[PDB]
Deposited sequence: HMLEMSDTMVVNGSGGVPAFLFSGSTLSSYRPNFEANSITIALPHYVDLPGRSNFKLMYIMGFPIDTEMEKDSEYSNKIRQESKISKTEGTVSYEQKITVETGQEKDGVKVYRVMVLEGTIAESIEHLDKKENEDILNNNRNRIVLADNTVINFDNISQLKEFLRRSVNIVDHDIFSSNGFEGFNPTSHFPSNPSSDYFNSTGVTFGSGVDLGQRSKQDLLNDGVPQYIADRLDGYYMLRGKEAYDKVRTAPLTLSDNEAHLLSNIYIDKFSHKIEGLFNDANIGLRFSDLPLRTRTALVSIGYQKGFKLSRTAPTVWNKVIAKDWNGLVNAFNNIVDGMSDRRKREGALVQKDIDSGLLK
């Protein structure tokens, strides 16, 4: 490998090789040369090298790794039954990796070697270049796709205070002053947003819009609107998209389906959060046909379930189903 001892690794004797097995792991002997860890594999039987690890089925282009898992990121080279890889991140979290792989000192090695993730299950994903790796990492870190969530096909995005109902609508009196991607202030106070981690400069701006429902929200928006900068409205939205996502996450995990929400692909999580968000989180009660297929892991059935909801919002239900269907088509489900 080029530049094999440059940069840093995230978590006169050293002139000699020292071999250690990584505690709690199988087939994970490490060799420390010059204080750096090096992961080697051999087809041929050896005392010091690992056996060849199998390649993951996870899509390098569109896949993710669970945000609840630690990963090992390696860079190196391989040819005819022998692999030698510098360990860049050893069982770090995805957020730590992202950060580490951005550091200037690590650019040389990352740019002129083959880059791979060694998963907690000891399978590997081989990336075409470091930018593909970093993008994989950035998909893995988000609970849902916030760009998909805020697109017009889903929750949309309006940075100006808006009232998404009218005086003749069934939902007039429960609708509140809304910002960004469906953040309704009708039953929230300033302290609430502050408690939820909303920056004080944003929460201070919304004074006068809090706790207004029905006619009072409607009139307020009509005469005295307020526009947030896109950066702030996105910030505000994403806090609530993520907060709501953990509620869906918990419902999924509690069901003990044989996987955790974080094991689902990104677009499927987005689809489940989206329908929960519009219909209410208790999908067992608010979308039974959908939840039946989820808890059964019948993904083709799940698509079908979304296609079959006629709830006055089938346009969105079909868009949710298409996200799951995209995961099926790309081999993620």
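**Study point:** Chain regions without C-alpha coordinates, deposited sequence numbering
**Key:** Residues lacking C-alpha coordinates: 1-17, 29-38, 361.
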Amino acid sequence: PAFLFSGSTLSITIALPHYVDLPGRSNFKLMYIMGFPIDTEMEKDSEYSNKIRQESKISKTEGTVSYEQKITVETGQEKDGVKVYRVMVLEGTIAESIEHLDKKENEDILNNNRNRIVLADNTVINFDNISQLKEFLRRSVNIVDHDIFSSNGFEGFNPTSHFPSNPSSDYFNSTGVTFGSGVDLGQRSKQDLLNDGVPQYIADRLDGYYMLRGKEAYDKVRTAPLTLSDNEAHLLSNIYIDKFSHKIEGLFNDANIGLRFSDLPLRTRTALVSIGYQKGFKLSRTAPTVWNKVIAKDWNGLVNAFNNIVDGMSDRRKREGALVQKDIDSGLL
From here on, numbers count along this sequence of modelled residues.
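Check your understanding: Which wins on mean Cα temperature factor, 324-332 or 2-10?
Key -> Higher mean C-alpha B-factor in the PDB entry: 2-10.
Exercise for review: Can you let me know which of the two, 183-191 or 85-93, has the higher average C-alpha B-factor in the entry?
Suggested key: Mean CA B-factor is higher for 85-93.
Exercise for review: By the entry's C-alpha temperature factors, tell me which of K79, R205, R260, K220 sits highest.
Suggested key: Most elevated C-alpha B-factor of the set, per the entry: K79.
**Study point:** C-alpha B-factor winner, where the candidates are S66, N300, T268, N27
**Key:** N27 has the highest C-alpha B-factor of those listed.
Exercise for review: Grab the CA temperature factor for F136 from the record and place it in the lowest, middle or highest third of its chain.
Suggested key: Ranked within chain, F136 CA B lands in the lowest tercile.
Practice item. Taking the chain's C-alpha temperature factors as the reference, tell me which third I58 falls into: lowest, middle or highest. Key: Tercile = middle for this residue's CA B-factor.
Review point. So where's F154 on the chain's Cα temperature factor ranking, which third?
Key: As the PDB entry reports it, the C-alpha B-factor of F154 lands in the highest third of its chain.
Exercise for review: Grab the CA temperature factor for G250 from the record and place it in the lowest, middle or highest third of its chain.
Suggested key: It falls in the bottom third of the chain.
Exercise for review: Going by the recorded CA B-factors, say which third of the chain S274 sits in, lowest, middle or highest.
Suggested key: Bottom third by C-alpha B-factor.
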